[PDB]
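Chains as they are written, first to last, in PDB author numbering: chain A, 6 to 533; chain B, 6 to 533; chain C, 6 to 533.
Yeah, the Cβ is synthetic: ideal placement off N, Cα and C, and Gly gets one too.
Single-structure report; data block below.
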Amino acid sequence: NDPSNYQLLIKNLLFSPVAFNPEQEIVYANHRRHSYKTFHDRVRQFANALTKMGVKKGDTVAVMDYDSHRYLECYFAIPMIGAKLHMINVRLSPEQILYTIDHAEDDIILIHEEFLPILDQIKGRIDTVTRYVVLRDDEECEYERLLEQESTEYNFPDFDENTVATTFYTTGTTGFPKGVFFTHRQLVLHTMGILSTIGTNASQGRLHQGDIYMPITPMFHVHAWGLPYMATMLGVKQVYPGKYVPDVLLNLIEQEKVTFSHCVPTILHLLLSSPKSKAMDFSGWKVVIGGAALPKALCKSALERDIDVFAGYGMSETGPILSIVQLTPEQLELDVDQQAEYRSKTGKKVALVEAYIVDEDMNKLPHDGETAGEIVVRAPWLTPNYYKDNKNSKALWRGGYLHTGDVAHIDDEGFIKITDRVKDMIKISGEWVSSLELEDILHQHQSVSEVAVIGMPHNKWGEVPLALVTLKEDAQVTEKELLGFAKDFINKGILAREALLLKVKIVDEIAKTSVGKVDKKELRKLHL
Amino acid sequence: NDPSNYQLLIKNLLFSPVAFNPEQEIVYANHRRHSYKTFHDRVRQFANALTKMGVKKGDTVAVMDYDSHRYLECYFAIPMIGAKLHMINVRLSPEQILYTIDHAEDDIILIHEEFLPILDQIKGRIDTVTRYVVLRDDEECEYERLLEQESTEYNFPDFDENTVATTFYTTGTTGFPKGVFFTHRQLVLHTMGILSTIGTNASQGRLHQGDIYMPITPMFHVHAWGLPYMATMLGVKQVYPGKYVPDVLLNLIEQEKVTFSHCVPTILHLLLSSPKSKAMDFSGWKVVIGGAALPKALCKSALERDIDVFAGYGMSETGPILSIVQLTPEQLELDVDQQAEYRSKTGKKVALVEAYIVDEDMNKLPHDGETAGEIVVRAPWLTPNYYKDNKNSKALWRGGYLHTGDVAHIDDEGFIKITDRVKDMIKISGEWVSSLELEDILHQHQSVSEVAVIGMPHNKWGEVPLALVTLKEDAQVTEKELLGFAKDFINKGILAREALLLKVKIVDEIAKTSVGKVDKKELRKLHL
Amino acid sequence: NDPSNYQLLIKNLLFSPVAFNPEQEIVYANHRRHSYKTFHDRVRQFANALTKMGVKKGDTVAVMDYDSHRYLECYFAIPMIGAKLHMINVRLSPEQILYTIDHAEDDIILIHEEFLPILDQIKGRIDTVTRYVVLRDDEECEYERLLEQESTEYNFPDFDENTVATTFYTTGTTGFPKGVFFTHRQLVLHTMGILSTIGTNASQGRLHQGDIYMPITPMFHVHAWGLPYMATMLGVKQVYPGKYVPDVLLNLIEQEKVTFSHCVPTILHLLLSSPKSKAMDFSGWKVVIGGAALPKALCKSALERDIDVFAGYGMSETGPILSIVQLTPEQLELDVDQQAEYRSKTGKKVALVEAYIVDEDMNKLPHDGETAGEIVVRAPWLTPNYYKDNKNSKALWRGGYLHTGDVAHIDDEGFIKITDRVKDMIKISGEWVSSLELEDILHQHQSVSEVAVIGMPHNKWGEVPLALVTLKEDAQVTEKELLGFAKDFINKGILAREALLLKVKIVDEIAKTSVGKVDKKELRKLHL
Ligand SMILES: COC(=O)CCCCCC(=O)OP(=O)(O)OC[C@H]1O[C@@H](n2cnc3c(N)ncnc32)[C@H](O)[C@@H]1O
Ligand SMILES: COC(=O)CCCCCC(=O)OP(=O)(O)OC[C@H]1O[C@@H](n2cnc3c(N)ncnc32)[C@H](O)[C@@H]1O
Ligand SMILES: [C]OC(=O)[C][C][C][C][C]C(=O)O=P([O])([O])O[C][C]1O[C](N2[C]=NC3=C2N=[C]N=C3[N])[C]([O])[C]1[O]
Ligand SMILES: [Mg+2]
Ligand SMILES: [Mg+2]
Ligand SMILES: [Mg+2]
């Protein structure tokens, strides 16, 4: 090629990092410890092993494990050869896993032992896959046995920076999972642009070279929010817990002295409510809870335990990271509650992100902080389209912009506050209300446990909300009282307070997606 | 173009920054203050004004001023239109300035009033230049008068990220100045990769969003080491001093509370030895002295005044920044003197930089910390070649690598220590000694003020060093004593200690380059 | 390549000439004589020697000598290999020579011994040049020593006819010398089109196969007006004088019986006024004085000595030859003075030349013989542009035509008469007068030796002429008498006879260009 024409490749994130201490440790929880030198040696050994299998530049290798050093080595060796890395969402149903495997046309499959029963239900219908490698936590692992037979020397090639590196098949509301892919250039730009925006903070929520990293996210969802690529560039100590057990997670955090991690609101609540956390010192921890809609009460409870809690925002199609909550030095004086309300927002855009707010006609509503609209974005690390799709790709990049699909209002200071989802919007009459505030209102009820609000067509008012509630243990309140519970609230538009047609219903169970989210579209078949 | 195909442009560094406070100030010393909103308005106004002159996408605009808000607006508006920016080295002789102006084929020239006498000696022979704009510090400036007539609205175009943005004509040892150019992609990658490597430090020498920036470098040398582009991305307060007067510089630092700056070893020594600095509080300052060869004694003297002093390294062809001294937390315990010896080194490579050490055959000598060799580099922000040159371009990028031209030894920990220059090397016999250590040795003499060491051919030993010294006031020591002064030292190779042919000579004055450096090549005509 | 696709190459001018006598002599004055067979052998030997040095097809070889057989062999061997030939103007200042050498990026330099002191002032700053070959007039010449070691056999390649062959850096009024280049096709077309236009004359001023050739021009100015290429195509005897000494030139002309030559008006005047020319028979000589503005009195004096004197016209950018004075048979009956006035004109265009007369708007003024305008031309042997320049190239080929830069009026018979230069024009008010006629008028003064006329701005009349004169030995006439001297003349327009603001000044010395021409632009700095 051209030596003066530099190419942004993943291999430059490992051999040309910000810092490199050869004696820094990679730790797999109570199973393995090894320095960075041996980590590089193992990456070269895995590259040699993959070359021995016949994995060419255009091939695809699919991984099905937990979080471990094996997944970190796969995040590097497979893209550096040239082949694509397919992160398989374990939490999907086996039929969806079969669909993704056949769609991506994988060649090798690295599957953990605990996921063997799933593959038994599907291996029969799987084609195009030649070799299965079984990963174990003991000395009889096939990955280790294939590493031991290779050498620690390899010459990684130089190719175009626009070669695809990863794919993970997100699964929104489309009927089938949609495949999103990224290149070497996009991933390098992502890690650079996030390290330049969160490392430069003054005193709050910064990731520097003295931190100790831990992922508490599935790490196959989306590149583990890109953080494993950043942590290895800073050359920091990394700890991988494995199966996400709170009893083990707290022990690892206290013992390995973890200072930076990221999780979801349910995992954080589980960690806080554990009784192995009442005498545990948390005043060194920096959780970025960017899963979905960090609650204010949970943020306040975490802040009472001395924890640097701040939310983030991104999706499978966007790198993922698009916005991160960063507090200016004069905002950290606020109190127990005004800090909770600032930290739980969506956050300000990160560097090299545009993030306008538009209407169904693309009209770019003002950022007054009151009017809501869809978020449309432009960034260096957005997927160009869906894999093998064309009409969903056009819907994704309509109007020369990527459509996120979330309805939010941007404050004048730049703070974003996600209000609801586009498909979950209530276009009653000519206004667009959100189902999240109604869901929050009928949750404050002392007898309701889980609530869901969906739309119901009305000839003279378009479509109107419908309320579904689940009662608590030995709690029986009639629908009329539940209606009157929301009828006391104030400060909303439409007829009176849009309270003449709530139409609440009591349902014993509400359908859920296997991921663990409320399934409104399935709900909209059962009742209408 | 393609909306999904992102282009790394300079305009994204201004409208998509890491932080943006509209009320943050840009200050031109005791002359002007204005917020960031008015700074953006003035950038748009200057874009409109340049469009009115007929400045097209391929044109070139040349600037000849000091450091001011005008130079910051030129760093952005001119590249964002598409035209090239020519930073003219004021300190060059008028003949060299004429050569650079005619070589670059400029169209507009922005020249400060104080540089008018230079242009009088040259305007006669200048062609291809149509309009001259005279910049003044009062209200009658033509730049301000041309800004006032335009509007604060502009739509900046989108073009290829490989379009040239800047050029500044470095002037090494070639007979004529050599032109080096960079693109939008290279500058954006430079600012991202340096913000991601110096902002992420734990506690020492980090540039964050709470700092206040000041350039104490000519700011036309090389992009002011890229720091003005970084400071505006963090949205920090910026102060521009103008003419570099220590009496004014100290007042500005104390009054504007500057916390981050960069200068050269002579300017720092001038600031420290000023008597307006004996009662001045310096324990908030972060000077990066990356000009040339930060002395150890000056570093110790600065450290005694509570100043975060650390050296950097780069050149005109390399972005510029290639290495920065970063101290790990266990290295800050050391004492008054071991910290001085760590801070004055060349430093470790920055992220995305290779920086091997080679020999005349390209053989990649080991990094044992003792063997010296030339530094060869690969980085995302290196100039591909010299402008309108071909044979010097091949010499620059020989062997698939950029040749820096400096002889250094890399320590095993990664610390670099520049020893000498390639053209200043002494290949006596079969060994290569450096003239800098001999220069340092005969400087310790109580009677010598300035010393210069050059080579002298010897039939049986190739070429040998020759010593030139300048005596102090009313000091007269014969050459024999000066010879014997170096004959006491030990710990060197070659015959005894290479002390049988020093050949010291006493010269009243030593030729100097107009920039302010010792001219050895001119010296090598007068005496041999 | 394609054998049926003929390419016009320089090698076809030597091996396929109009005539070829193997026993015809090439004579270097009192130093060397050798036939055409040995000339071809030496050309092949020099091609072999250049190949041995590593001179490739794209290389450049620069020559710095007088006129000799060596320069004739360089005119052929270097272009026939494929490399470019750089004729270096010796008469330029060493700084300009350095600029041209660095601009052309020469590889080999053939320099005569007498020019060694110049190279001593510059060799230090010269890069890209590897080998220096020193030419001498004795047996110890390095050119001869390198010829003797090669063989007289070579196979010259066939390449595209559009490959550059020569470059010589003209130096007009631009601040720096401008490089003009020509191809094989252009040179072959030039020699063909001039041999077909001057060989076909009836009885006056024709170059045929019976002539004996001599160059009395620097021969590096512009291809020696292309005449060495023509003389070798006719296979005529060629004599080269060397250093241009009139005592030697007259002896060579009388002894070698030279019948065709070309010089400049100063050299011809020197030859005529020599007292070794009073008994010398000149009635066989055919001087083409095409240097600059052949005077009428000198032409008459030469005609009184039986010499076929006629002027020519061309420039560095135009081949050079564009027009030659050719007299029809009925024009040779005229007398002592009407023949002088016909022979001293610019001449009629040569074959394949357009040569219109235009105004500042390109409006193609009529050829009535009274109205003056700029000459614009189209010809097969014009340089397309300046080397490494773009804005001067557009000024050169403005309006789809090459602009010569001389103001002349074309007579209806086709005779051209150059009046002045464009930059030396006086646009007083709305008319354009010429400074040459005013210069001629104040020269007739018995006390004035050298005169120069330049423009001086006037608010109500634009710019007006200013007269500078130099008095003779022991001659002191006041400015008023000099004014009144021009006030007696008649037959001109403007106010009376434009005689109310002559503004004559007496200056002891007038600045001159090192070439030997009046420097008006430098004059226009000293006084205004
Ligand atoms: C700081 O780093 C991060 O937080 C990266 C988070 C990446 C999450 C990716 C994921 O959740 O992919 P998808 O299944 O497509 O998720 C899309 C939806 O996730 C919701 N979301 C994410 N973060 C949110 C915050 N802070 N508030 C509300 N909702 C959030 C969005 O609705 C998004 O469409
Ligand atoms: C018959 O062959 C020739 O005479 C060829 C002459 C080639 C001359 C080239 C040379 O003089 O290159 P430049 O320095 O650019 O010269 C340009 C100016 O020379 C003046 N000139 C030439 N011949 C002239 C005549 N006959 N009359 C007036 N002026 C003449 C021109 O001004 C031209 O621009
Ligand atoms: C951090 O940042 C920084 O520092 C940057 C810097 C830049 C600079 C540039 C210049 O200087 O260009 P030029 O002129 O080319 O230069 C070159 C040279 O320089 C020197 N240096 C620098 N630095 C240093 C040095 N030395 C030693 N040390 C240090 N540190 C070198 O030599 C080069 O070559
Ligand atoms: Mg999504
Ligand atoms: Mg340099
Ligand atoms: Mg000319």
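Note to self: Within 10 Å of its beta-carbon, does B:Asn53 have 16 or more other beta-carbons around it, so buried, or fewer, so exposed?
What the structure shows: buried
Check: Do A:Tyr347 and A:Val358 have their C-beta atoms closer together than 9 Å?
Finding: no
Next item on the list: Tell me whether B:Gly317 counts as near ligand 5, meaning its Cβ is closer than 8 Å to at least one heavy atom of that ligand.
Entry: no
Next item on the list: Specify, as a first and last residue, the run of the beta strand (DSSP E) that A:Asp425 falls within.
Entry: 421 to 426
Next item on the list: Answer with yes or no whether the minimum CB distance from B:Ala384 to chain A is below 9 Å.
Entry: yes
Note to self: Check whether the segment 159 to 175 of chain C and the segment 291 to 301 of chain C are in contact - that is, three or more C-beta pairs closer than 8 Å.
What the structure shows: no
Checklist line | Cβ neighbours of C:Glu155 in the same chain (closer than 6 Å, five flanking residues each side left out) | finding: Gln50, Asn53, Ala54
Check: Any heavy atom of ligand 6 closer than 8 Å to the Cβ of C:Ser321?
Finding: yes
Next item on the list: Determine, using beta carbons only, whether C:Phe120 comes closer than 9 Å to chain B.
Entry: no
Item checked: Coil, strand or helix - A:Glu365 by DSSP -> coil
Note to self: Less than 8 Å between C-beta atoms, sequence neighbours within five positions excluded: which residues of the same chain meet that for A:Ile495?
What the structure shows: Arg502
Checklist line | Residue of A:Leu192, A:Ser328, A:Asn6 minimising C-alpha distance to A:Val381 | finding: A:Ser328
Item checked: Cβ-Cβ distance between B:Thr237 and B:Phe81 below 9 Å -> yes
Checklist line | Cβ-based burial, A:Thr188 [other Cβ within 10 Å; buried from 16] | finding: buried
Check: Counting pairs of beta carbons, one from the segment 245 to 264 of chain C and one from the segment 22 to 39 of chain C, are three or more of them closer than 8 Å?
Finding: yes
Next item on the list: Examine ligand 3 and report whether any of its heavy atoms sits within less than 8 Å of the Cβ of B:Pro182.
Entry: no
Margin query: Out of B:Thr179, B:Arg383, B:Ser279, B:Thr133, which one is the CA nearest neighbour of B:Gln191?
Written below: B:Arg383
Check: Can C:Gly198 be considered in contact with ligand 6, in the sense that its beta carbon sits closer than 8 Å to one or more heavy atoms?
Finding: no
Checklist line | C:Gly177 Cβ short of 8 Å to ligand 6 heavy atom set | finding: yes
Check: Name the residues in the segment 302 to 330 of chain B whose C-beta lies less than 9 Å from a C-beta of chain A; which are they?
Finding: none
Checklist line | Start and end residues, beta strand (DSSP E) containing B:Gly198 | finding: Counting along the chain, B:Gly198 falls outside any beta strand (DSSP E), though it belongs to the alpha helix (DSSP H) covering 189 to 203.
Margin query: Could you tell me the alpha carbon to alpha carbon distance between B:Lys128 and B:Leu121, rounded to whole angstroms?
Written below: 10 Å
Next item on the list: Could you tell me whether any non-hydrogen atom of ligand 1 is closer than 8 Å to the CB of A:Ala377?
Entry: no
Check: Can you round the beta-carbon distance between A:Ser208 and A:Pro27 to whole angstroms, since I take them to be within the 8 Å contact cut?
Finding: Going by Cβ atoms, the distance from A:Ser208 to A:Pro27 rounds to 31 Å, so no, they are not a contact pair.
Margin query: So that I know if they touch, is there some Cβ in chain B lying closer than 9 Å to that of A:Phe161?
Written below: no
Check: Do three or more CB pairs link the segment 366 to 381 of chain C to the segment 133 to 153 of chain C at distances below 8 Å?
Finding: no
Next item on the list: Return the chain-ordered list of same chain residues with a C-beta closer than 6 Å to the C-beta of B:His448, the five sequence neighbours on each side being excluded.
Entry: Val456
Check: Can you name the residues of chain B whose CB is closer than 8 Å to the CB of C:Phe186?
Finding: Those do not exist, as C:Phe186 stays about 15 Å from chain B at its closest Cβ, beyond 8 Å.
Check: For A:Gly489, is the classification buried or exposed, using 16 other Cβ atoms within 10 angstroms of its Cβ as the cut-off for buried?
Finding: exposed
Margin query: Counting only Cβ-Cβ distances shorter than 7 Å, please list the residues of the segment 190 to 203 of chain A near chain B, keeping chain order.
Written below: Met197, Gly198, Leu200, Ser201, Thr202
Check: Within 10 angstroms of its Cβ, does B:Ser349 collect 16 or more other Cβ (buried), or is it exposed?
Finding: buried
Checklist line | Whole-angstrom distance between C:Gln344 and C:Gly198, CA atom to CA atom | finding: 26 Å
Next item on the list: Work out the CA separation of B:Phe20 and A:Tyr104 for me, nearest whole Å.
Entry: 42 Å
Next item on the list: Give the C-beta separation of B:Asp394 and B:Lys183 to the nearest angstrom, bearing in mind that I take them to be a contact with Cβ-Cβ under 8 Å.
Entry: 7 Å
Next item on the list: Pull up the DSSP beta-bridge partners for A:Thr483, would you.
Entry: DSSP lists no partner for A:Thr483.
Notebook entry, point to check: Taking 9 Å as the CB-CB limit, is B:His213 close to chain A?
Noted result: yes
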